[PDB]
Amino acid sequence: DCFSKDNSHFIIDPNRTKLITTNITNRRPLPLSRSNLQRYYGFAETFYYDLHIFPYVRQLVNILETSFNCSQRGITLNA
Amino acid sequence: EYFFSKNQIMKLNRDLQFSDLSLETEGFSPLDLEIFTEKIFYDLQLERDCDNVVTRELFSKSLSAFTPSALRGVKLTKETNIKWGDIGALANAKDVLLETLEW
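Protein chains in written order, with UniProt numbering: chain F, 398 to 476; chain G, 613 to 715.
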């Protein structure tokens, strides 16, 4: 109510006393190949497999990707 | 055939006909056949990108690896599979033995 412009950008200041907790929202987590997210915050990095040389890993990752991709086809694959 | 129809619509479109794999799948229960067909259906996203799995005898690849709920425990007898062609020169006996078996 301080301003009519609300969406494009706003500043919180900790001198202002409010928060909200609308349970949960759902959003996709970023792919490693673009984000590399772990190495920025320096956690115990997962081993970066390659997609070729451990062929069963390619098998499993494709098996899961089946169901990301089939979401556009609407079939629930139950993989 | 009923199970293939009960999956989301797909077809055996190539000139293969069901009796081929039926003769290829003697030792199976109905539940096993439901599972085996689901394993075939997963081709639709594991290997093909097509919305329909034209089958191209892919069964010959997967049915070698899948197994029924029968055939459990490590027990074998037909493993050597050398056939009657691999006779040990039973020239005076293979005749009567195979005759007495076959008649």
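The C-beta atom is built at its ideal place from N, Cα and C for all residues, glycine as well.
Stretch-stretch touch, CB-based, cutoff 8 Å, three pairs: the stretch 701 to 713 of chain G with the stretch 653 to 661 of chain G: Short answer: they don't touch.
Contact set between the stretch 657 to 683 of chain G and chain F, restricted to residues whose Cβ is under 8 Å from the partner: Taking 8 Å as the Cβ-Cβ cut-off against chain F, the residues of the stretch 657 to 683 of chain G that qualify are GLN657, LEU658, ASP663.
Can you list, in chain order, the residues of the stretch 615 to 627 of chain G whose Cβ is nearer than 7 Å to any Cβ on chain F? Listed in sequence order: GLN620.
For a cutoff of 8 Å on Cβ pairs, would you count F/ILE472 as touching chain G? Yes, F/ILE472 counts as interfacial toward chain G.
In angstroms with no decimal places, state the Cα-to-Cα distance between F/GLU442 and F/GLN469. Computed Cα separation, rounded: 32 Å.
State the Cα-Cα distance for the pair F/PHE444 and F/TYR438, rounded to the nearest angstrom. If I take the Cα positions, the gap works out to 15 Å.
Quick check: is the beta carbon of F/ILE417 nearer than 8 Å to any beta carbon in chain G? Answer no: the Cβ-Cβ gap between F/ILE417 and chain G never drops below 8 Å.
Which residues in chain G sit within 9 Å of F/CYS467, going by Cβ to Cβ distance? In chain order: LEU656, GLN657.
Below 8 Å, can you find three or more Cβ-Cβ pairs linking the stretch 641 to 661 of chain G to the stretch 443 to 463 of chain F? Pairwise C-beta distances place the stretch 641 to 661 of chain G in contact with the stretch 443 to 463 of chain F, as three or more of them are shorter than 8 Å.
Please return the same chain residues whose Cβ sits closer than 7 Å to the Cβ of G/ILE647, not counting the five positions on each side in sequence. Only residues of its own chain outside the window of five on either side were considered, and among them none has a CB closer than 7 Å to the CB of G/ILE647.
Thinking G/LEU628 and G/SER681 are a contact (beta carbons under 8 Å), I'd like their distance in whole angstroms, please. Contact flag wrong, Cβ pair sits at about 25 Å.
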